[PDB]
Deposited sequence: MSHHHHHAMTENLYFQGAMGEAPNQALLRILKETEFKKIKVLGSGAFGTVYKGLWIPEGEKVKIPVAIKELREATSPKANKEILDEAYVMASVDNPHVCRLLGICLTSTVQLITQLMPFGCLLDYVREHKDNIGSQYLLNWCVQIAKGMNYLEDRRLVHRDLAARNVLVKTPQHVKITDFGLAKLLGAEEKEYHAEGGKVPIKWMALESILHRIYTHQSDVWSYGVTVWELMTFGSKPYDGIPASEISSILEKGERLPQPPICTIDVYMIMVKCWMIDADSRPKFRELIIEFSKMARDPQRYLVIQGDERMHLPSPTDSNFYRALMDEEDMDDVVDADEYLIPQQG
């Protein structure tokens, strides 16, 4: 290979007839996500899935297959895995159902029952996912709490590869065209010069941490997008959240430095958040932190809750259903 290494990822084409109990989960800019059961015939397994459609265009099929290509390649516990595609008039993406929804909605809904240990563990897991993306030379370009999903309260994964770009071995930067991007998660060099790197992803990581530590506050709330570059050029940044020690806030501020190379590396963020996760109340101050429980797999109706009784026996999490 005179350039980069062959991508020998398998693309699995899933039969429409293998999918049952399709219900809408959510719709927005990402399109529409459904939940269902994937039943690979003659296997005696029922795999909870999400199914994503785009907003039958040739332009739509192109963009959904670009996301399929990116995801087919990624194998990490903190990144959404493509199970396959379904070739309906509109092409569909199939992934493991993340039953607790996106982490932004989760921290808003459960903001009175979320302790320091969950918040720091999520920061570690997101940094692990992002570090893996960097090892694969992938720039996500859309990291935000809305693009983190909750398998269980203890286990989150990065999703939405709609803006993701692969760098060649030679290459340091993605140079974008005129396409629309979430400005309030973007590094200043991305806003000003359409430059995207692993280090512009670290800026987005900082904003994502700020979203978690504020239990889902909107960054620069009620500031027009068009005013954001100016605010950042003046040296202004998101304020210290009430629960954050200077230790935690300083990591966020380092993610928002002007010199991209001065920002932390995801592998450094894994180390720092993991040390903090060993003594979480030294790093986040949450009223009532001590007495807080969220659902874990060792709960009465944990599995009963989000499934039908007739499916209970043969249900298999996609994480335990391995490339046959």
- Gaps in the model (deposited sequence, numbered from 1): 1 to 17, 73 to 74, 344 to 346
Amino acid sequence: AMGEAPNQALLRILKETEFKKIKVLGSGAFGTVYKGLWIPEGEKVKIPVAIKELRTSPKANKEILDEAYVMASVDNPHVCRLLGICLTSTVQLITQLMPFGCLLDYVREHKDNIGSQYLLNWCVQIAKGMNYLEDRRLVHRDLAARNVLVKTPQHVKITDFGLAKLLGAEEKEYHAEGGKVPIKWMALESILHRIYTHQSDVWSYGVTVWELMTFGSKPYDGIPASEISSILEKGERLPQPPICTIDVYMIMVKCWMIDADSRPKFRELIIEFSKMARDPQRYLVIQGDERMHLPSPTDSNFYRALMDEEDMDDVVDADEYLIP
From here on, numbers count along this sequence of modelled residues.
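Throughout, rigid core stands for the largest set of C-alpha atoms superposing within 1.5 Å between the two forms.
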- Note on the structure: Core superposition done, the stretch whose Cα atoms deviate more in 4 other deposited structures of this protein, picking from 221 to 229 and 139 to 147, is 221 to 229
- Task: Between 91 to 99 and 117 to 125, pick out the one whose C-alpha positions differ more from the shown form in 4 other deposited structures of this protein, using the rigid core for superposition.
- Result: 91 to 99
- Task: Report, as yes or no, whether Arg12 is left without coordinates in at least one third of the other compared entries.
- Result: no
- Query: In at least a third of the other entries we lined up, does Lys265 end up with no coordinates?
  - Reply: no
- Of the two stretches 9 to 17 and 307 to 315, which shows the higher Cα B-factor on average in the entry? 307 to 315
- Can you tell me which stretch has the higher mean Cα B-factor, 113 to 121 or 167 to 175? 167 to 175
- Message: Per the entry's Cα B factor values, which of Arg267, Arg263, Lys59, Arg278 stands out as the maximum?
- Response: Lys59
- Message: So if I compare the CA B-factors in the entry for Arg282, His293, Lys52, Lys35, which one is the largest?
- Response: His293
- CA B-factor ranking of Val74, expressed as a third of its chain: middle
- Query: Compared with the other modelled residues in the chain, in which third is the CA B-factor of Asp105?
  - Reply: middle
- Query: If you rank the chain by CA B-factor, which third does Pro242 end up in: lowest, middle or highest?
  - Reply: middle
- Message: Please say which third, lowest, middle or highest, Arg137 falls into when its CA temperature factor is compared across its chain.
- Response: middle
- Message: What third of the chain does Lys184 rank in for C-alpha temperature factor, lowest, middle or highest?
- Response: middle
